[PDB]
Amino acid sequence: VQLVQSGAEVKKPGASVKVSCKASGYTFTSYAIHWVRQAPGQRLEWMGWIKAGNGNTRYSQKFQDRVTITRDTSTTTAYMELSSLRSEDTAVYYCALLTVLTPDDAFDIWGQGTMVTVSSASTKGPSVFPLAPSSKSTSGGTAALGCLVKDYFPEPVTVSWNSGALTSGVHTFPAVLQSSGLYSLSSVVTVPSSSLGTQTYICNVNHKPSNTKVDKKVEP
């Protein structure tokens, strides 16, 4: 019972964006998929729904002119196209099965979200540098190590460790904005210091807007 959205994108003012929502794990044609957006600091904001079966749509009055929701029943996928993009349109765009409350079933499922940035600035993939453990990165039997993801645009980058197997001790910091206009963030994990010689520690860095998938081993 899952919804999987396409990756984050950057567009030029006046251009269009086309987000997608792939569904699986349930009867696709039985329910309606909504589109909600979360701007930075603003409350969640409903845009419209589409009936997955027959394709009928209703749109919020704020987005009547510029939104179009569609669906392809064969691939189990819904789409949301927003045209004439403006600065206010920088937000995370979710698709969700909002409160499916039927006599037979009751569930609620959201896609992970698609960050859309409206800017004339160019996409740029990050450089991935190691933050190596050392004598100045240890305290009381643990060692701190991480990755520095510098100089990318737009947000976001995702950082995992050892492909998701290492999660304890992990802190991924919010991105900082540099005067250049490019973003930068750090991801750090604290691990046992005794076993730095036998264990392997890899940052997995994903920046979909620039098709960047990087695996950086971090060694002393």
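For every residue, the number given is its place in the sequence shown, counted from 1.
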Higher-B stretch (mean Cα B-factor, as the entry records it), 201 to 209 or 7 to 15: 7 to 15
67 to 75 versus 93 to 101 - greater average Cα B-factor per the deposited record: 67 to 75
Residue of maximum C-alpha B factor among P154, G181, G55, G169, per deposited coordinates: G55
Residue selected from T190, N162, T27, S186 by maximal Cα B factor: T27
Third assignment of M115 from its chain's C-alpha B-factors: middle
Ranked C-alpha temperature factor of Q38 among modelled chain residues, by third: lowest
Relative C-alpha B-factor of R86, binned into the chain's lowest, middle or highest third: highest
